[PDB]
>>> print(open('target07.txt').read())   # compact mmCIF, C-alpha atoms
# COMPACT_ATOMS: atom_id res chain seq x y z
CA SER Z 47 89.48 93.72 99.54
CA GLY Z 48 86.35 91.77 98.65
CA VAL Z 49 85.60 91.59 94.94
CA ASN Z 50 82.00 90.37 95.01
CA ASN Z 51 80.60 93.76 93.91
CA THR Z 52 82.63 93.63 90.67
CA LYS Z 53 80.92 90.61 89.09
CA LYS Z 54 78.01 92.11 87.14
CA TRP Z 55 77.52 94.94 84.68
CA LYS Z 56 75.54 98.01 85.69
CA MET Z 57 73.67 100.72 83.81
CA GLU Z 58 73.34 104.17 85.36
CA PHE Z 59 72.32 107.59 84.06
CA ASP Z 60 73.92 111.01 84.13
CA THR Z 61 73.71 112.93 87.40
CA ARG Z 62 71.47 116.00 87.40
CA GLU Z 63 70.95 118.88 89.81
CA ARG Z 64 70.17 118.40 93.47
CA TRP Z 65 69.31 121.48 95.51
CA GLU Z 66 68.60 122.33 99.12
CA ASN Z 67 65.02 122.29 100.27
CA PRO Z 68 64.24 125.78 101.64
CA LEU Z 69 62.30 124.40 104.61
CA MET Z 70 64.60 121.66 105.90
CA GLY Z 71 67.75 121.78 103.79
CA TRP Z 72 67.08 118.33 102.34
CA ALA Z 73 68.44 117.36 98.93
CA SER Z 74 65.66 117.83 96.38
CA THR Z 75 65.72 116.50 92.83
CA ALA Z 76 63.57 116.77 89.74
CA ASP Z 77 65.30 113.84 88.01
CA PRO Z 78 63.09 110.71 87.99
CA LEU Z 79 66.05 108.53 86.92
CA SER Z 80 68.38 109.71 89.69
CA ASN Z 81 68.26 106.39 91.60
CA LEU Z 82 67.70 104.01 88.67
CA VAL Z 83 70.37 101.30 88.43
CA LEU Z 84 70.08 98.17 86.28
CA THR Z 85 72.09 94.96 86.59
CA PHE Z 86 73.19 92.85 83.63
CA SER Z 87 75.12 89.63 83.22
CA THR Z 88 77.17 90.81 80.24
CA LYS Z 89 78.00 93.97 78.36
CA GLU Z 90 76.00 92.75 75.37
CA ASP Z 91 72.84 92.38 77.45
CA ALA Z 92 73.22 95.92 78.81
CA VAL Z 93 73.84 97.40 75.36
CA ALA Z 94 70.81 95.63 73.89
CA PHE Z 95 68.62 96.97 76.69
CA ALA Z 96 69.84 100.53 76.13
CA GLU Z 97 69.31 100.45 72.36
CA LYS Z 98 65.74 99.16 72.46
CA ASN Z 99 64.84 101.85 75.02
CA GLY Z 100 66.42 104.60 72.92
CA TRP Z 101 69.12 105.73 75.36
CA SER Z 102 72.49 106.87 74.12
CA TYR Z 103 75.11 105.02 76.11
CA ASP Z 104 78.80 104.84 76.93
CA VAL Z 105 80.28 101.38 77.43
CA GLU Z 106 83.45 100.94 79.48
CA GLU Z 107 85.57 97.82 79.34
CA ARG Z 108 85.72 95.59 82.38
CA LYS Z 109 88.95 96.18 84.28
CA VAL Z 110 90.37 92.90 85.57
CA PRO Z 111 93.27 92.89 88.07
CA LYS Z 112 96.47 91.89 86.34
CA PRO Z 113 97.91 88.52 87.44
CA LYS Z 114 100.85 89.03 89.78
CA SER Z 115 103.93 87.01 90.69
CA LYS Z 116 103.94 86.61 94.47
CA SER Z 117 106.92 85.00 96.20
CA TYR Z 118 107.32 84.85 99.96
CA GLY Z 119 110.96 83.84 99.54
CA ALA Z 120 111.82 87.05 97.70
CA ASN Z 121 111.57 88.81 101.06
CA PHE Z 122 114.99 87.41 102.01
CA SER Z 123 116.91 87.81 98.77
CA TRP Z 124 120.67 87.38 98.94
CA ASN Z 125 121.45 90.19 96.50
CA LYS Z 126 118.19 91.81 95.28
CA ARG Z 127 116.30 94.87 96.49
CA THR Z 128 113.20 92.83 97.34
CA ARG Z 129 114.83 91.98 100.68
CA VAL Z 130 112.57 93.44 103.38
CA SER Z 131 114.00 95.21 106.41
CA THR Z 132 111.16 94.20 108.75
CA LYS Z 133 108.30 91.73 109.11
CA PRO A 32 148.54 62.76 137.76
CA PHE A 33 144.79 62.26 137.29
CA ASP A 34 142.60 64.58 139.37
CA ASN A 35 138.79 64.55 139.17
CA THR A 36 138.13 66.61 142.32
CA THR A 37 138.73 70.21 141.18
CA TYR A 38 136.91 72.67 138.93
CA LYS A 39 139.13 73.61 135.99
CA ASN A 40 136.82 76.27 134.47
CA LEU A 41 137.86 79.24 136.61
CA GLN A 42 139.22 81.58 133.93
CA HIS A 43 135.82 83.23 133.44
CA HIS A 44 136.01 84.56 137.00
CA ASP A 45 138.42 87.15 135.57
CA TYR A 46 136.38 88.07 132.49
CA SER A 47 135.25 91.68 132.14
CA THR A 48 132.84 93.85 130.18
CA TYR A 49 134.80 93.80 126.90
CA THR A 50 136.19 90.25 127.04
CA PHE A 51 133.97 88.89 124.26
CA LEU A 52 134.37 91.84 121.91
CA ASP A 53 138.11 91.99 122.55
CA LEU A 54 138.34 88.32 121.60
CA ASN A 55 136.28 89.04 118.49
CA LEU A 56 138.70 91.82 117.52
CA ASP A 57 141.66 89.49 117.96
CA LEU A 58 140.07 86.84 115.72
CA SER A 59 139.80 89.31 112.82
CA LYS A 60 143.26 88.63 111.38
CA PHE A 61 142.45 84.92 110.94
CA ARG A 62 139.17 85.27 109.05
CA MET A 63 138.75 84.65 105.35
CA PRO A 64 137.46 87.53 103.20
CA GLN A 65 133.71 87.90 103.44
CA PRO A 66 131.53 87.16 100.40
CA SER A 67 129.69 90.01 98.73
CA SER A 68 126.13 90.40 97.49
CA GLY A 69 127.25 92.97 94.91
CA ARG A 70 125.88 96.14 96.53
CA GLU A 71 126.34 98.13 99.72
CA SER A 72 122.88 97.12 100.93
CA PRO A 73 119.39 96.08 99.76
CA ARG A 74 118.65 99.80 99.41
CA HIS A 75 121.40 100.50 96.85
>>> encode(input="target07.txt", output="structure tokens")
Amino acid sequence: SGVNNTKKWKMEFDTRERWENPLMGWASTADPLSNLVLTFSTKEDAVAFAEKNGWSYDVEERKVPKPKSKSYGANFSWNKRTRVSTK
Amino acid sequence: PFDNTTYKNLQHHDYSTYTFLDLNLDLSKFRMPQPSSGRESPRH
């Protein structure tokens, strides 16, 4: 439930091939950017960093949980369906 | 006369398994109609 890993913007790159090492079966890669992750305070900062480095980018809007109406008393409604059958 | 030396709650010595529910069934004709929530249950 914690939300502390949803505060900052991140930049990541496309995933490329990983293959099995013939000797040990380990996951080999030839992609030098496979583990590169950058943290930014705002979308604008991340976009500016991508442009000056020449990377084409896809920005995705921040998804914020919608505010909800919570009511403990609705659990015992006289005539509504929100009445719970157990606690 | 006035007697304060005997126990006058001896009727329950003759009560049985269905005494309470039989009394509840007898009381039914005196009740007022029950209010309604508008549906058969919270799941309707």
>>> closest_residue(input="target07.txt", among="Z:116, Z:62, Z:127, Z:133", to="chain A", atoms="all atoms listed in the file")
Z:127
>>> interface_residues(input="target07.txt", of="chain A", to="chain Z", cutoff="8 Å", atoms="all atoms listed in the file", output="PDB file with C-alpha atoms, in the frame of the given file")
ATOM      1  CA  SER A  68     126.130  90.400  97.490  1.00  0.00           C
ATOM      2  CA  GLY A  69     127.250  92.970  94.910  1.00  0.00           C
ATOM      3  CA  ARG A  70     125.880  96.140  96.530  1.00  0.00           C
ATOM      4  CA  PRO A  73     119.390  96.080  99.760  1.00  0.00           C
ATOM      5  CA  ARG A  74     118.650  99.800  99.410  1.00  0.00           C
ATOM      6  CA  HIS A  75     121.400 100.500  96.850  1.00  0.00           C
TER       7      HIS A  75
END
>>> residues_around(input="target07.txt", residues="residue Z:65", least_positions_apart="4", cutoff="12 Å", atoms="all atoms listed in the file", output="number ranges by chain")
Z: 69-77
>>> write_last_selection(input="target07.txt", atoms="C-alpha atoms", output="mmCIF file, in the coordinates of the input")
data_model
loop_
_atom_site.group_PDB
_atom_site.id
_atom_site.type_symbol
_atom_site.label_atom_id
_atom_site.label_comp_id
_atom_site.auth_asym_id
_atom_site.auth_seq_id
_atom_site.Cartn_x
_atom_site.Cartn_y
_atom_site.Cartn_z
ATOM 1 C CA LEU Z 69 62.300 124.400 104.610
ATOM 2 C CA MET Z 70 64.600 121.660 105.900
ATOM 3 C CA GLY Z 71 67.750 121.780 103.790
ATOM 4 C CA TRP Z 72 67.080 118.330 102.340
ATOM 5 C CA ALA Z 73 68.440 117.360 98.930
ATOM 6 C CA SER Z 74 65.660 117.830 96.380
ATOM 7 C CA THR Z 75 65.720 116.500 92.830
ATOM 8 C CA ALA Z 76 63.570 116.770 89.740
ATOM 9 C CA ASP Z 77 65.300 113.840 88.010
#
>>> residues_around(input="target07.txt", residues="residue Z:93", least_positions_apart="4", cutoff="9 Å", atoms="all atoms listed in the file", output="short mmCIF file (atom, residue, chain, number, x, y, z; two decimals) with C-alpha atoms, keeping the file's coordinate frame")
data_model
loop_
_atom_site.label_atom_id
_atom_site.label_comp_id
_atom_site.auth_asym_id
_atom_site.auth_seq_id
_atom_site.Cartn_x
_atom_site.Cartn_y
_atom_site.Cartn_z
CA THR Z 88 77.17 90.81 80.24
CA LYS Z 89 78.00 93.97 78.36
CA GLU Z 97 69.31 100.45 72.36
CA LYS Z 98 65.74 99.16 72.46
CA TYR Z 103 75.11 105.02 76.11
CA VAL Z 105 80.28 101.38 77.43
#
>>> atom_distance(input="target07.txt", atom1="atom CA of residue A:61", atom2="atom CA of residue A:43")
23.5 Å
>>> decode(input="target07.txt", residues="stretch 58-118 of chain Z", atoms="C-alpha atoms", output="compact mmCIF listing (two decimals), in the first residue's frame")
# COMPACT_ATOMS: atom_id res chain seq x y z
CA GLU Z 58 14.34 4.18 -18.65
CA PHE Z 59 15.29 2.74 -22.03
CA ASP Z 60 13.85 0.03 -24.22
CA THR Z 61 14.59 -3.56 -23.23
CA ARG Z 62 16.92 -5.49 -25.53
CA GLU Z 63 17.89 -9.13 -25.84
CA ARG Z 64 19.17 -11.19 -22.94
CA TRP Z 65 20.43 -14.69 -23.68
CA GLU Z 66 21.67 -17.68 -21.74
CA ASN Z 67 25.38 -17.99 -21.16
CA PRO Z 68 26.48 -21.33 -22.66
CA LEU Z 69 28.77 -22.12 -19.72
CA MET Z 70 26.58 -21.33 -16.72
CA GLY Z 71 23.16 -20.37 -18.07
CA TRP Z 72 23.49 -16.81 -16.78
CA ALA Z 73 21.62 -13.95 -18.44
CA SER Z 74 24.02 -12.20 -20.81
CA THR Z 75 23.41 -8.83 -22.43
CA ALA Z 76 25.10 -6.64 -25.00
CA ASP Z 77 23.03 -3.57 -24.07
CA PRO Z 78 25.10 -1.03 -22.09
CA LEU Z 79 21.94 0.90 -21.12
CA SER Z 80 20.07 -2.13 -19.77
CA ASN Z 81 20.33 -1.03 -16.11
CA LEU Z 82 20.38 2.75 -16.60
CA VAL Z 83 17.60 4.54 -14.69
CA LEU Z 84 17.47 8.29 -14.08
CA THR Z 85 15.40 10.13 -11.48
CA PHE Z 86 13.81 13.54 -12.06
CA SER Z 87 11.72 15.90 -9.97
CA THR Z 88 9.31 16.81 -12.76
CA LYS Z 89 8.34 15.72 -16.24
CA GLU Z 90 9.85 18.89 -17.69
CA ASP Z 91 13.26 18.13 -16.19
CA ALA Z 92 13.20 14.61 -17.64
CA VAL Z 93 12.16 15.83 -21.09
CA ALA Z 94 14.87 18.49 -21.15
CA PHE Z 95 17.50 15.88 -20.24
CA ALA Z 96 16.34 13.55 -23.02
CA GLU Z 97 16.32 16.25 -25.70
CA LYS Z 98 19.82 17.56 -25.01
CA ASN Z 99 21.18 13.99 -25.11
CA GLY Z 100 19.42 13.24 -28.40
CA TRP Z 101 17.14 10.42 -27.22
CA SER Z 102 13.67 10.02 -28.64
CA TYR Z 103 11.29 9.67 -25.73
CA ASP Z 104 7.75 8.77 -24.74
CA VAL Z 105 6.23 10.73 -21.86
CA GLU Z 106 3.37 9.25 -19.85
CA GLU Z 107 1.14 11.32 -17.63
CA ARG Z 108 1.34 10.84 -13.89
CA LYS Z 109 -1.56 8.71 -12.69
CA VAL Z 110 -2.91 10.01 -9.38
CA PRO Z 111 -5.41 7.95 -7.36
CA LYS Z 112 -8.87 9.44 -7.65
CA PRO Z 113 -10.26 10.94 -4.42
CA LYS Z 114 -12.82 8.60 -2.88
CA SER Z 115 -15.80 9.05 -0.58
CA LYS Z 116 -15.29 6.75 2.41
CA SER Z 117 -18.05 6.36 4.99
CA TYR Z 118 -17.92 3.85 7.83
